[PDB]
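What follows is a short report on a single structure.
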Amino acid sequence: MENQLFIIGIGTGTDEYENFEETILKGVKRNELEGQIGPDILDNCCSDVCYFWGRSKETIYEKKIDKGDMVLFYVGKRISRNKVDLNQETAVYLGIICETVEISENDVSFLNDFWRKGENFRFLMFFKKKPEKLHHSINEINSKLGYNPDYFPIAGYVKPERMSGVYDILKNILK
Ligand SMILES: [N+]
């Protein structure tokens with residue numbers, strides 16, 4: 001595996017989902033970022049509107065998130081540590097990272113334009129195409145990956161021995 005696969009769990013009914021809807025599902029016009037994100041990033045990675053997500057750290061499970069890495073956004077009702085409510089609606093989105101941008105702690109104010117508490121989430125990942133809504137539930141994707149059906153991490157790293165089982169499917173979705 002030359003790239004990595006991460007799972008990010010977006011809890012519905014929380015500010016996290018509101019932020020996700022804003023910048024991953026809807027996206028933002030490029031002019032909302034001009035003056036704050038360098039034009040190189042915007043040129044290379046905003047195909048029309050810009051799509052991006054942000055986190056408090058550069059790493060997940062101690063793995064650095066790199067451009068070219070893939071992200072499964074799990075969307076559902078968080079009901080316990082690492083568990084989703086499978087009797088409520090769930091969704092999964094698949095993105096591939098075009099670029100990563102670390103915003104300095106001193107430069108986070110613009111993130112509040114877009115996100116509740118945005119200034120906390122200064123490790124940004126950009127997606128050139130809107131992450132693709134998959135046909136499958138969280139429980140079907142977890143099953144294919146060998147996880148328990150209701151697995152719902154805040155941030156998870158999919159080890160290569162598991163990622164390998166689904167890697168060719170994921171590449172074909174994203175092509
Ligand atoms: N908007």
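Simple scheme: letters A, B, ... for chains in structure tokens order, numbers from 1 for residues in each chain, numbers from 1 for ligands in the order shown.
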
Inset, instruction - Grab me every residue within 10 Å of ligand 1, counting only C-alpha atoms and all ligand atoms, and send it over as a VMD selection string. - result: chain A and resid 22 to 23 26 to 29 32 114

Legend entry - DSSP strand (DSSP E or B) residues within segment 11-100 of chain A, listed as a PyMOL selection string: chain A and resi 11+28-29+49-55+59-60+63-64+70-76+78-80+83-84+91-100

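Nearest residue to residue 20 of chain A, choosing from A:131, A:81, A:69, A:89 and counting only C-alpha atoms: A:131.
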
Inset, instruction - For residue 66 of chain A, please output as a list in words all residues within 10 Å (counting only C-alpha atoms; exclusion window: fewer than 2 positions along the same chain). - result: residues 3, 4, 58, 59, 63, 64, 68, 69, 70, 96, 97, 98, 99, 100, 101 and 125 of chain A

Write a file of the just-selected residues containing N, CA, C and O atoms, as a compact mmCIF listing (two decimals), in the first residue's frame.
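Written output follows (result_32.txt):
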```txt
# COMPACT_ATOMS: atom_id res chain seq x y z
N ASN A 3 -0.49 4.27 -0.33
CA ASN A 3 -1.28 5.31 0.31
C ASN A 3 -2.05 4.70 1.47
O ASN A 3 -1.98 3.49 1.74
N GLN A 4 -2.76 5.55 2.19
CA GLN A 4 -3.44 5.18 3.41
C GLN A 4 -4.94 5.40 3.27
O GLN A 4 -5.40 6.20 2.46
N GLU A 58 -2.43 16.61 12.89
CA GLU A 58 -1.94 16.17 11.59
C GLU A 58 -2.05 14.67 11.40
O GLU A 58 -1.99 14.19 10.25
N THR A 59 -2.18 13.92 12.50
CA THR A 59 -2.10 12.46 12.45
C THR A 59 -3.41 11.81 12.88
O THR A 59 -4.18 12.38 13.65
N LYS A 63 -0.53 8.09 12.17
CA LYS A 63 -0.17 8.10 10.76
C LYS A 63 -0.43 9.52 10.26
O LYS A 63 -1.46 10.11 10.57
N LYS A 64 0.55 10.09 9.57
CA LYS A 64 0.38 11.41 8.98
C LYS A 64 -0.53 11.30 7.77
O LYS A 64 -0.41 10.37 6.97
N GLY A 68 -3.24 12.16 -1.64
CA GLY A 68 -3.38 10.85 -2.24
C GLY A 68 -4.02 9.81 -1.34
O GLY A 68 -4.48 8.78 -1.85
N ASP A 69 -4.06 10.07 -0.04
CA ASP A 69 -4.74 9.19 0.91
C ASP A 69 -6.25 9.29 0.70
O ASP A 69 -6.79 10.28 0.19
N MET A 70 -6.95 8.25 1.12
CA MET A 70 -8.38 8.11 0.93
C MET A 70 -9.06 8.22 2.29
O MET A 70 -8.54 7.74 3.30
N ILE A 96 -10.75 11.33 -1.96
CA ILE A 96 -9.29 11.21 -2.07
C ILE A 96 -8.70 12.60 -1.92
O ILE A 96 -9.21 13.57 -2.48
N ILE A 97 -7.65 12.70 -1.10
CA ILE A 97 -7.12 14.00 -0.69
C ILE A 97 -6.25 14.58 -1.81
O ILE A 97 -5.30 13.93 -2.29
N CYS A 98 -6.59 15.79 -2.24
CA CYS A 98 -5.80 16.50 -3.24
C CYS A 98 -4.59 17.20 -2.61
O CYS A 98 -3.51 17.25 -3.21
N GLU A 99 -4.78 17.80 -1.44
CA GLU A 99 -3.75 18.57 -0.77
C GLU A 99 -4.06 18.62 0.71
O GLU A 99 -5.21 18.52 1.12
N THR A 100 -3.02 18.81 1.50
CA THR A 100 -3.17 19.08 2.92
C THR A 100 -2.50 20.40 3.22
O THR A 100 -1.50 20.77 2.60
N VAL A 101 -3.08 21.14 4.16
CA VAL A 101 -2.61 22.47 4.52
C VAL A 101 -2.70 22.55 6.03
O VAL A 101 -3.79 22.40 6.58
N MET A 125 -7.62 19.21 5.03
CA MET A 125 -7.45 18.30 3.89
C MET A 125 -8.42 18.77 2.80
O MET A 125 -9.61 18.96 3.08
```

Legend entry - Counting only C-alpha atoms, the residue of A:5, A:174, A:79, A:84 that sits nearest residue 139 of chain A: A:84

Inset, instruction - Using only C-alpha atoms, pick whichever of A:141, A:86, A:124, A:75 has the shortest atom-to-atom distance to residue 103 of chain A. - result: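 Closest to residue 103 of chain A of all the choices is A:124.
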
Inset, instruction - Please run DSSP on the backbone and report, as a PyMOL selection string, all residues within segment 82-165 of chain A that come out as helix (DSSP H, G or I). - result: chain A and resi 105-113+118-120+138-145+160-165

Legend entry - Counting only C-alpha atoms, the residue of A:118, A:165, A:146, A:153 that sits nearest residue 73 of chain A: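 Of A:118, A:165, A:146, A:153, the one nearest residue 73 of chain A is A:153, counting only C-alpha atoms.
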
Legend entry - From A:72, A:91, A:145, A:7, residue lying nearest residue 162 of chain A [only C-alpha atoms]: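 Comparing A:72, A:91, A:145, A:7 against residue 162 of chain A, the winner is A:145.
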
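Atom CA of residue 167 of chain A is positioned 28.3 Å from atom CA of residue 43 of chain A.
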
Legend entry - Residue among A:45, A:33, A:108, A:94 lying closest to residue 123 of chain A, counting only C-alpha atoms: A:108

Inset, instruction - Find the residues near residue 133 of chain A: any atom within 12 Å, counting only C-alpha atoms, skip ones fewer than 3 places away on the same chain, and give them as JSON, numbers by chain. - result: {"A": [24, 25, 71, 72, 73, 74, 75, 90, 91, 92, 93, 94, 95, 129, 130, 136, 137, 138, 173, 174]}

Inset, instruction - Just give me the gap between atom CA of residue 169 of chain A and atom CA of residue 126 of chain A in Å, one decimal is fine. - result: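 Calculated distance between atom CA of residue 169 of chain A and atom CA of residue 126 of chain A is 22.0 Å.
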
Inset, instruction - Give me, please, the distance in Å between atom CA of residue 134 of chain A and atom CA of residue 116 of chain A, quoted to one decimal. - result: 26.4 Å
